[PDB]
Amino acid sequence: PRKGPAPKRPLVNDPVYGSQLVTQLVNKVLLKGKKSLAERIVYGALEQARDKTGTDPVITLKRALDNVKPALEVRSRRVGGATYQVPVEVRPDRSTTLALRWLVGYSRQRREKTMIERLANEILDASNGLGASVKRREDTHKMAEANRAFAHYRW
Amino acid sequence: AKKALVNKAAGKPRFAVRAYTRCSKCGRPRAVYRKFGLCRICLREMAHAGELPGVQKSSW
Amino acid sequence: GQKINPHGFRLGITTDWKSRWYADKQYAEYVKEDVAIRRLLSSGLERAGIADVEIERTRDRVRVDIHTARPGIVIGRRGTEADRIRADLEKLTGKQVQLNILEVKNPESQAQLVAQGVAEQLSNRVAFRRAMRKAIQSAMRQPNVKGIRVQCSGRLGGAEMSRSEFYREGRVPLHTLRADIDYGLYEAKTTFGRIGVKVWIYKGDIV
Amino acid sequence: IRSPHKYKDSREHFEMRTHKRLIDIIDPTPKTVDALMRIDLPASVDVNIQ
RNA sequence: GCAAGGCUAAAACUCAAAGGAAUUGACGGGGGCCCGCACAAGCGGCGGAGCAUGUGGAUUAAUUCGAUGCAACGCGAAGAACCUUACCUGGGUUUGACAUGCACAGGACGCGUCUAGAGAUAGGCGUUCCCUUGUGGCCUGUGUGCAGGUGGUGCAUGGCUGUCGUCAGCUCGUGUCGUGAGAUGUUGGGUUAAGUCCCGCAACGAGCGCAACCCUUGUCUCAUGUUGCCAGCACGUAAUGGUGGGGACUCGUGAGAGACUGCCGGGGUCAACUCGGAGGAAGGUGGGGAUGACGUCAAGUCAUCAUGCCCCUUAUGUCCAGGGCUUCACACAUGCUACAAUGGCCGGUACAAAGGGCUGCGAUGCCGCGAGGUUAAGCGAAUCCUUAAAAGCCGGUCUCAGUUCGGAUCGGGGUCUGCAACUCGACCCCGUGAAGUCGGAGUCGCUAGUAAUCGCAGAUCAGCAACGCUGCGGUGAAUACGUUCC
Ligand SMILES: [Mg+2]
Ligand SMILES: [Mg+2]
Ligand SMILES: [Mg+2]
Ligand SMILES: [Mg+2]
Ligand SMILES: [Mg+2]
Ligand SMILES: [Mg+2]
Ligand SMILES: [Mg+2]
Ligand SMILES: [Mg+2]
Ligand SMILES: [Mg+2]
Ligand SMILES: [Mg+2]
Ligand SMILES: [Mg+2]
Ligand SMILES: [Mg+2]
Ligand SMILES: [Mg+2]
Ligand SMILES: [Mg+2]
Ligand SMILES: [Mg+2]
Ligand SMILES: [Mg+2]
Ligand SMILES: [Mg+2]
Ligand SMILES: [Mg+2]
Ligand SMILES: [Mg+2]
Ligand SMILES: [Mg+2]
Ligand SMILES: [Mg+2]
Ligand SMILES: [Mg+2]
Ligand SMILES: [Mg+2]
Ligand SMILES: [Mg+2]
Ligand SMILES: [Mg+2]
Ligand SMILES: [Mg+2]
Ligand SMILES: [Zn+2]
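Residues numbered from 1 in each chain as written, not as in the entry; some residues may be left out. Chains lettered and ligands numbered in written order. Part of a larger assembly, values for the part shown. Heavy atoms only, no water.

- Its PDB header attributes the entry to cryo-EM and lists the resolution as 2.71 Å.

Written as structure tokens, this is what we have:
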């Protein structure tokens, strides 16, 4: 806005898994106001995550996010008759947002049948550094680390 | 409207489904309410004028 | 145009309804003769200067309070027009009618009497700026008046192209709900068509 | 619609309220039931005696 | 003068101007500052499919007229089978469907039959009240003025409306400055959502706008107790607050209390005001509505009405029957349902709000697969009906396929409304099972109870092309660094 920053909304702790990271995942899965539907998908995929490791699922979730959080994004800027990308530093609570969007997004177009086994397989493949969500992490990094020459115009 | 059509709608037509309503002030064939007998236009001046009781502008 | 009616915007807050009845089923019945009484009075008694017409109806008994600036004219020679129009007001509704032609205390602090008096002068080939300043200066002489606006629009002296002119004295706060703003509209019957005369009178806030 | 022609998106809202009250269950004494209906109510008040 | 060219220097002809300084505005790919879903950051779309609806063009006997960048295009139209209807073909009519005034002659009218598609024409009949005793009303005849016209001009107009823009502006009185148009006030310093306010000054005041006053929602107090509520009494059958009854709780609706930078801390000329607290249902405009200054666009409307001119009067008036307004090589626009598994289908079960009801709402029972039929209780309604909300939840099945996705088109059989459903109504049953696998260049809305999604109601209305429009509640997000760019 013209008049400075807006207050951001607090997320209440998730009752089944006592963490605000789970309730920040259910709002990315949420479509059309189906929040009790969106929580059955997230809870159901996290129960399937411990059925393939035995480990606690939110520890697997935080290992899955740490492999897909970007550190450098590649925002665009025009100067004269040419454009380029400036590598800028991702503030941390944007990197939480931008990584939860990649896990939900790249697993909606994944090859399984239901959304529970699509979301759970993307979490397990990201907590090992294998999935397509991990692939966009280094594609975001290789794009931004190919443009260090333009890191001197940071607004 | 045309003055023949205002008198025709007042009388008793053949084939009673053939009847309809007009505005009691200007004789307009469309947008006539049944509670008032008036069109959308003649309702709007008469409500601002306070000439029909109970009706005023609503805000909520 | 752009400005709302000043009477409907303050209806139920400052000003008050003109028709005073109740009708759960006979509503369009009552409206259809409400718009027939007001045609008969406005076309035939225009020399008297009708301020307004109030119609309250109590179970087959309709009472008509008609206000005027000149109460002695419509009665005439001891009821030669008063009970005449009362006879045509019973041939209209088919019901016994109480009729009251009352008074206007000051017919210069009264819009719809100020606006009718200007358009009567506009139908006399009077210069329109001369007719508008007489109505304003006679209204600010009234005690409880804090403002008046008079607007005339039309062809304004037989000119080819139509235009609009207004004068004002005092203050006319049209956006104020607590204000007591009187309002009148009348239509001059000139030889070049029609000229609309509008009068806004401000008479203090609220009592 | 406000306009007399072609302006659909400009509108008015008129209402019509109706107030109801006094469901009183008084004693039908024959002295009272005369004086129940002697008073002149205003023109804007309806009454039923049921 | 080597040349390029320099110097001296006319006229015919043509125009009624060409100029100079300053003024107010508008504009700039000038400058400063500032705002807005303007961009960014996000979320869901549109442009592709099928259908619905409006429009262009075409067609037609007619496809009535109006709207045409934003600000025309699910607009006038809050309901085109007849009616509506203004259009076309054909059949009638002509002081007329309607109003009065003047002149000669006396019941209008009503029911019923026949003819005709109807309009009307006729065989009939009932018939003059009123003092048609003069005098009243009325009637057609007969004319006369006239009536009538959705015929023209919105660029003669009133009225009403859009729009820039709900942007923060637009002006005036007196004084002063300038020959003058004009200027000042309204500039400058801050500050505000704001020409909001403070401080300065040849300005001092004032008005219309802004804010406030009104409605709605958010908390509480007092009054209130039915048709609404059920804490504790008694009945509870049938568990249907059903009953006696209770004034506690909600609710209904009257009257009021409450929010003002009022209090605290820091900053600021001690000012305006700003940042952060405390208390409170709520905190700096608490949320939303109502509200459109001076004017712009020769904007829209002569088809709501009104009106000045102009035209028609055996017709451009008016009645009626059929037809059209619904056509279809195409093009655009606004929507709906989709392309499925965050889904389809089947069984079970939970929670709303605001509305409507007498030419009605139809509970219950009964018949039908079903739309519906029938019977009839209760109810002009906080009472009865509308009224089962749908998403949601739990269980089962399908298993990624042009399919148990989609539901167009077509075949058959029906119901209801209405004089009448062919042109051209909606709904139901059975059969049929098209395109469509997420949409090119492009483009739209949205900053919070919003977006997205889910139902319900109303107006107009016999029925309805209702997927529209105006409302109502359910579930309920993601983002906003920022001001460089559009
Ligand atoms: Mg009809
Ligand atoms: Mg110059
Ligand atoms: Mg500029
Ligand atoms: Mg906004
Ligand atoms: Mg964007
Ligand atoms: Mg399409
Ligand atoms: Mg057209
Ligand atoms: Mg629209
Ligand atoms: Mg038709
Ligand atoms: Mg115009
Ligand atoms: Mg200014
Ligand atoms: Mg100035
Ligand atoms: Mg001010
Ligand atoms: Mg205001
Ligand atoms: Mg024009
Ligand atoms: Mg036009
Ligand atoms: Mg005309
Ligand atoms: Mg016809
Ligand atoms: Mg059409
Ligand atoms: Mg299916
Ligand atoms: Mg079900
Ligand atoms: Mg059955
Ligand atoms: Mg299920
Ligand atoms: Mg195909
Ligand atoms: Mg598929
Ligand atoms: Mg209907
Ligand atoms: Zn009307």
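Following the structure, the description resumes.
## Looking at the interface of chain C and chain D
Phase 1: If you look at the interface, chain C gives 8 residues, while chain D gives 5 residues.
Phase 2: For the pair chain C and chain D, the summed buried area comes to about 550 Å², and 58% of that belongs to carbon and sulfur atoms.
Phase 3: Three residues, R20(C), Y22(C) and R59(C), lead the burial of chain C against chain D; their summed loss comes to 58% of the area buried on that side.
Phase 4: Across the contact surface, chain C and chain D share 1 salt bridge.
Phase 5: Here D46(D) ties to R59(C) by a salt bridge, and the two come within 2.4 Å at their closest N and O atoms.
Phase 6: Residues of the side of chain C that touches chain D, tallied by class, amount to 3 nonpolar, 1 polar and 4 charged. (Contact = heavy atoms within 4.5 Å. Buried area = accessible area lost by both parts, 1.4 Å probe. Salt bridge = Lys/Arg side-chain N within 4 Å of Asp/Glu carboxyl O. Nonpolar A, V, L, I, M, F, W, Y, C, P; charged D, E, K, R; others polar.)

## What about the protein's contact with RNA strand E?
Phase 1: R75(A), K8(B), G1(C), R11(D) and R21(D) are the nearest of the 106 residues found near RNA strand E.
Phase 2: The protein-proximal atoms of RNA strand E, defined as those within 4 Å of the protein, are 67% sugar or phosphate.
Phase 3: One of the backbone nitrogen or oxygen atoms of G1(C) is found 2.4 Å away from a phosphate oxygen of RNA strand E.
Phase 4: Among the residues making up the surface near RNA strand E, the classes are represented as 37 nonpolar, 24 polar and 45 charged. (Near = heavy atom within 4 Å. Polar contact = N/O pair within 3.5 Å; in protein donor to acceptor, adjacent residues only side chain to side chain.)

## What to know about the interface of chain C and chain B
Phase 1: Counting from both sides, the interface comprises 18 residues of chain C and, opposite them, 19 residues of chain B.
Phase 2: When chain C packs against chain B, the two sides together hide about 1600 Å² of surface, and 56% of this comes from carbon and sulfur.
Phase 3: The largest per-residue losses of area from chain C upon contact with chain B belong to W17(C), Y27(C) and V35(C), which jointly make up 33% of the total buried on that side.
Phase 4: Put simply, chain C and chain B have 2 salt bridges between them.

## Digging into the UniProt feature "binding site: Zn(2+)" in chain B
All names here are of chain B.
Phase 1: UniProt annotation of "binding site: Zn(2+)" refers to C23, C26, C39 and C42 when read in the numbering used here. In terms of the greatest pairwise C-alpha distance, the residues named above, spread along 20 residues, form a tight cluster of at most 8.3 Å across.
Phase 2: Position of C26 relative to the elements: it lies in the loop between helix 1 (3-10) and helix 2 (40-48).
Phase 3: Residue contacts for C26: discarding those within four places in its chain leaves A1, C39 and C42.
Phase 4: In this structure, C42 sits in helix 2.
Phase 5: In contact with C42, other than residues within four places in its own chain, are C23, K25 and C26. (UniProt positions renumbered as here; feature names shortened; annotations may be inferred. Helix = DSSP H or I, 4+ residues; strand = E, 2+ residues; numbered from the N terminus.)

## Points about a nonpolar patch on the surface
All names here are of chain D.
Phase 1: A surface patch of nonpolar side chains, amounting to about 510 Å² of accessible area, comprises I39, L41, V45, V47 and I49.
Phase 2: Looking at the element boundaries, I49 is found in the segment after helix 1 (32-35).
Phase 3: On the basis of relative accessibility, which here comes to 76%, the residue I49 falls in the exposed class. (Patch = residues over 30% accessible without salt bridge, like charges linked within 9 Å, V, L, I, M, F, W, Y side chains within 5 Å. Areas by Shrake-Rupley, 256 points an atom, 1.4 Å probe, with all protein chains shown as cover. Buried < 20%, exposed > 50% of the residue type's maximum accessible area, 1.4 Å probe, protein only.)

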